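Side chains included, hydrogens not; waters and symmetry mates left out as well; all remaining heavy atoms used. Quick note on labels: first sequence line is chain A, next is B, and so on, each numbered from 1.
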Amino acid sequence: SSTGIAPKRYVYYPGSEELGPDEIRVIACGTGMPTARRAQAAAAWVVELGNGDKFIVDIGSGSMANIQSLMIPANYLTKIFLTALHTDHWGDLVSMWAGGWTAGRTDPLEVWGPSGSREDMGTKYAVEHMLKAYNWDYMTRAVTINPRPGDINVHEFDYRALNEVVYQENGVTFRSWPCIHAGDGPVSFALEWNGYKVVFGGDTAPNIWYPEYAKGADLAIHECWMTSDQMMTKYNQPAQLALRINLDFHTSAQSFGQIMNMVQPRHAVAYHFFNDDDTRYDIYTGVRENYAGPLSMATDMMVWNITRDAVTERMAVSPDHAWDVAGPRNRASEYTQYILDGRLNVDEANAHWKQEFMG
Amino acid sequence: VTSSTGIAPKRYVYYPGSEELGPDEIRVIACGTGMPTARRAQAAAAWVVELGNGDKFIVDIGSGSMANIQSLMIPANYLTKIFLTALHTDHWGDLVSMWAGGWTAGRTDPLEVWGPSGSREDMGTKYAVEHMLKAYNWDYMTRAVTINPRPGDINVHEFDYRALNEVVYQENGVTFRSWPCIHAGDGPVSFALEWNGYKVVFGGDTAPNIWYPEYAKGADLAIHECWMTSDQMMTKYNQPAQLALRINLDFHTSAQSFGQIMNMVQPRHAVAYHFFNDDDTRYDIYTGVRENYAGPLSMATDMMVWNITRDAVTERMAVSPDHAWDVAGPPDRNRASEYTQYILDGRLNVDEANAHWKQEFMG
Amino acid sequence: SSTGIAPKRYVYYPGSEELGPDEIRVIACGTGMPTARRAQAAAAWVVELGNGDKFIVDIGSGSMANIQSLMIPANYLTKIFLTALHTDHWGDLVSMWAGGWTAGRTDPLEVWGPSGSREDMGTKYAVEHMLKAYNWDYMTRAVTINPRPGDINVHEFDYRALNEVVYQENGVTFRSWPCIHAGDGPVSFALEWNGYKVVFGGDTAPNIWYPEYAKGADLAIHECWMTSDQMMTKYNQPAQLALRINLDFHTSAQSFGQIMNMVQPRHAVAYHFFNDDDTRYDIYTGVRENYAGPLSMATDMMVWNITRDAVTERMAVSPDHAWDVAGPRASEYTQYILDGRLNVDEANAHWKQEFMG
Amino acid sequence: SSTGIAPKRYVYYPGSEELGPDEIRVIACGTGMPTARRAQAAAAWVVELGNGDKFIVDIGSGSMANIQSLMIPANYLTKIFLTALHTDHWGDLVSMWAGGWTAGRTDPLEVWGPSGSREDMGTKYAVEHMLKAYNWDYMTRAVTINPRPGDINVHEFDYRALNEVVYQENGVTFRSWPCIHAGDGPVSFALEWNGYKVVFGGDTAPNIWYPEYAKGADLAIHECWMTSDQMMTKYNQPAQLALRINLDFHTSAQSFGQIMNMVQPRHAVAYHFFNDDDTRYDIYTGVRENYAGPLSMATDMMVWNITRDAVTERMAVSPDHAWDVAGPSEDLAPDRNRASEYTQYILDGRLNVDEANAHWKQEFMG
Ligand SMILES: [Zn+2]
Ligand SMILES: [Zn+2]
Ligand SMILES: [Zn+2]
Ligand SMILES: [Zn+2]
């Protein structure tokens, strides 16, 4: 213990802990809202299974900085599930795509996401057009880097389907069911592996599906909205609009509690509120009106270890100065000679360091 | 601090929202200074420019930069004009976050985006933005049901990437000019903002080129890519020696090249960015610049701020809220619902669970 | 609003806001425990009144970094009140003393603190021996800088006194009353000024005095201990020792609620617990069992604005890279030491030329 | 592997890494100035040797938050060496003393420091009067916790002695030599163990002793002052006083260069400056005028691993929300011989809280 490693550490240092064969690790890489802030990236979850499979559920704007702090090689993070096509649920897919490829991902991204009520409201269309949006980046990068990693294979599934299997691979099952939020399309996921069940709610008004299909989850994640008082205080909403937000549009803390009392998970996770010194306590208290079981109030870099005997909540202590960590056909140039003729002579300036570096 | 009860003047840090901008002043905040690889210390390239006439502009809005921009306490409606140097993810990735975020938070005007063409339609900004709006069609259509759709538009102003120091923007005595960069493939540009005797230059991404030294000449603030050392490229990224040497000569502007460029420009103040600014990277990069450039220099990091006045170009750090909220500034019900009855029929009765707080709140 | 200042800002930027003549600002500069943490300095409060007076109540180990982030000239913070002589309540007095002096505090520090049951248990004895403890620092610094600011004038008051005035100047009154904690000496304070009453509880097991003398405070601060469950989980304590800690030694969250139910303050402040993602919630719940009124769960750099109409909680956003801000004898060397100098003219010659021109 | 630990990590996670039997780890738990700042605690160094020994060299105001972030049990950090009796070099000794003792530390603290030109300018007096300063804390704590860990045993050494052994145990040698700062007493240390030599400069204007006794250290830590231009911009100082600060009083970046040129250490560490985005660069340029060897510009939580083949600089990434971590410890009972420090006058004031605490109290006993 003098020279040796401190065991069972009270914080999670990403890349410092072996994952056991009968264990799951879940890390919140975004817990926040459609509005950006350094304290909270938009919705993103990393799941690491003891079998060695790793999934991303949601990759909202700003979450890539949290994901990259985990010291996980890009080739282990190629399978992404989207609950919804909000920018705060998949905005950083383009950063995973582009950054991973420049940083040695060799395999394409695999993306599972819902359909909508028509083609242009679904995940296939969305990813297809994101790729065209970044055509300049794709074509220029593809000149100097083999484009195989630049492909995104989309597995779109019917948003309407009630607890149907959307993924079955290597003893891992993902089921989806609908959400009620903004318009048709958003879903929740249940990940089933090795007698474990992890539920990723996504975004919804309270629904009849989640309480049924999430039942007995080892870890149950659901949206848990800021209070009507907080909507008045913070967003300057009139009393009636603030009231409606927690009845019509979203799952209230009180509703979240009803739902988790119905679900009886080993551990419930509230997320998708601004987790501030002046907001969290009314939200936690709303939940405890109706649910008394183990509860985590999520913020960025919270981590859950799921074992047979426990679901433990810790905070990740991860590097702000993050770096990519290493894992184990002719194309047309996109330059004209008009541009390449612009090169400045810098032979003189670079001479000293160049002679020293080659020696 | 002249009084116990009163405001400390000329504060050594910049608190966003706490300072009046003078009529002959420019404020520039680095909202991202980093790389195509994400990290909490450094968002990807983003700049906020505030002029004394009340005009504000974003130059680049790379992945991760929106949290920094939101920490500035500037109403969404004042940040509608966005200039892109390149169509890399790490230069316009967070354009979508600004578009959706500000629209939810009460922006009332459409976004306005100036970006370069490419060699053909599908390599320029008009095509890029059109397809980004299609990519987020679900979010657009669902949000347009409950929020007026007008601020969900993006007006694109595409300009010729080939043009040598020509105007791309002219409004209210503010000029932006572009000239080309040499980077990845045709399209990327540098910008010069001219207003009220001032010239601010946003370099973007380039191998050393003949245009910047001429067109950036005498800028109040000159920003230019300044790459990590070949030795770092080896130490960090385990690059095989020759690759590491070619990166700092052919692909990017080395610190030494940046020095030559800024010695030619003779700016009032020069800014190196686009490297990982760490306790074991920054010093050799600095030394590299000083080989050739002796003038005023900032080694940019996130939330660094420059005040440009007639007498000085000041560098300070911004001290800004991590727990940021949108700040308020000064609905077409003839839209088809994007719900079907099938999904609406799924609602859980939660009347009991919510009655307690619901009674109380209606007092 | 484009060119202009953002009004009524949602965070407090220290040095950015004028205090009105009927306003109080209280900043928690330390909310923690006798064990150190970058997240929570030990007990320290800065109070700013609209009449321009400023006070420090407690200055525990680690709090000086928070106090220095406030951009307050050292000469404005010369008056310090100590609730108790725990290192986690006055450990940073020496940092304020030495730091302020080198940074151009011109006036001596003034310290109000309790006596104990005998001379060697009181503030007078403590500060006299603190200055001897740092006599090398004192003597060497005094050679180069005038020693007036290096004086500490101690105002020891009787710990036993029941709600008596220990300070009265410029319309500001502090009263003390005793606490029940560790041993005889610890006290709570009440600052009264311009119809406002701010209570600094210090450290206590629940006592009959605080509920009486704190009644109707604008801001009531009281110890609010971590739970007997948190005591076993975090300190591997035996169940019965973990039970006693929250009944005999300290104020339980539940006791805190009872006390604040009795006090009926405009705003209650719970502090002196580790404010963590897995501790804070049970502490809040315990309080809410008995207290329903406005409550803050304190952490470092929380700030309250006390006005006629409101008591507001905000977080302060302050510089980590802090600098002192300007407000408006025989050598201790022997020749044997001054002889050891290394010549460095050559090495320093280049810059010495540039600088002088 | 997807399942395994990432090896040779680019940041140090305190408590995550086994220390090699022929390895030294040095952590800057404080690198700053007489004035306080969240970014930089005052001068403090933690040194872990492969043999299991650990030492603290300096424990300035603010450093204890950093030291506690290391997940080291209190019982392993009972040996402290002071280079000077400045508040910003030993201010947090008291925090260590009180906090460890409450945390469950069972060994007294052991303090090594310099004498001065007379009794009341040396460490023995300083620590004696520090214990008297905290007499209320001592006597109240000694009622409920065993008093033996509350002792501080002082080993005062002669400040004038040129490179003499002030500590010698378990194959570890500490030597001291003088410095030229503020007045007589402040020293530098050299820690020698298993063919390694680590030097803690302390504070000094440039001296003849450092370059001689520091020669060929694996890690050489020396004061390296902010620039005279920086003294003018920051502290509004006049030109001549600004100039004098870097010549008369402190080691300029340029002098630091000369000294490390002369010492030729494996790795040089510059510290004791405010490490800001607008100060660090000129200070680095200053050192490079005369020193070309491996250099760290120190800031808080910077860590050096010293091995036969390399000296590696990493940043430690450590918990802000720190907790004491348990290690080996005695279950020493409180001394019932000790008088209570309560009088019946104070005890008579207890409020009845039976009711408010009965709900959670019952449930807790179930
Ligand atoms: Zn959402
Ligand atoms: Zn770039
Ligand atoms: Zn206390
Ligand atoms: Zn010092």
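Judged by distance alone, the side chains of C/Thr204 and C/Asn207 do bring a donor and an acceptor atom under 3.5 Å apart. No side-chain donor-acceptor contact under 3.5 Å links D/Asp203 and D/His86. Side-chain atoms of C/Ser252 and D/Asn357 include a donor-acceptor pair closer than 3.5 Å.
Not a single side chain to side chain contact (heavy atoms under 4.5 Å, CB included) links C/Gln353 to another residue, sequence neighbours left out. A search for side chain to side chain donor-acceptor pair (under 3.5 Å) contacts involving C/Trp323 returns D/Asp276, not counting sequence neighbours.
Ion pairing of C/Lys352 with C/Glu346 is absent here, as no side-chain N (NZ or NE/NH1/NH2) approaches a carboxylate O to less than 4.0 Å. Note on D/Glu128 versus D/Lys132: salt bridge recorded, some NZ/NE/NH1/NH2 to OD/OE distance being below 4.0 Å.
Only the side chain of D/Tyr235 has a heavy atom closer than 4.5 Å to any heavy atom of chain C. The contact between D/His359 and chain C is made entirely by side chain atoms (from C-beta outward), counting heavy-atom distances below 4.5 Å. Proximity to chain C is limited to the side chain of D/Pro211, based on heavy atoms less than 4.5 angstrom apart. Using a 4.5 Å cut-off between heavy atoms, D/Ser318 contacts chain C through both its backbone and its side chain. When heavy atoms are compared at a cutoff of 4.5 Å, D/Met96 does not approach chain C at all. Contacts between D/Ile259 and chain C at a heavy-atom distance below 4.5 Å involve the side chain alone, from C-beta outward. Only the side chain of D/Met365 comes within less than 4.5 Å of a heavy atom of chain C; its backbone N, CA, C and O stay farther away. Residue D/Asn261: no heavy atom, backbone or side chain, is found under 4.5 Å from chain C. Only the side chain of D/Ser117 comes within contact range of chain C, with at least one heavy atom under 4.5 Å from a heavy atom of that chain. With a threshold of 4.5 angstrom between heavy atoms, D/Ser61 approaches chain C through side-chain atoms but not through N, CA, C or O. Looking at D/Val94, both its backbone and its side chain come within 4.5 Å of chain C, counting heavy atoms on both sides. Contacts of D/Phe364 with chain C are made by side-chain atoms alone, with heavy-atom separations under 4.5 Å and no backbone atom involved. Looking at D/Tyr345, the atoms closer than 4.5 Å to chain C (heavy atoms on both sides) sit in the backbone and in the side chain alike. For D/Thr102, the part sitting under 4.5 Å from any heavy atom of chain C is the side chain, from C-beta outward, and nothing else.
Figure legend: cation-pi geometry between C/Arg244 and C/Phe249 absent, as NZ or CZ is not positioned both under 6.0 Å from the six-membered ring centre and within 45° of its axis.
Results of the side-chain hydrogen bond (donor to acceptor under 3.5 Å, both in side chains) test with C/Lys234 over C/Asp229, C/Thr279, C/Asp278 single out C/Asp278 as the only residue that passes.
Using cut-offs of 30° and 60° on the angle between ring planes, the pair C/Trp97 and C/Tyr138 is parallel.
Note on C/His89, C/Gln68, C/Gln258: by heavy-atom pairs under 4.5 Å with chain D, the leading option is C/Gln258.
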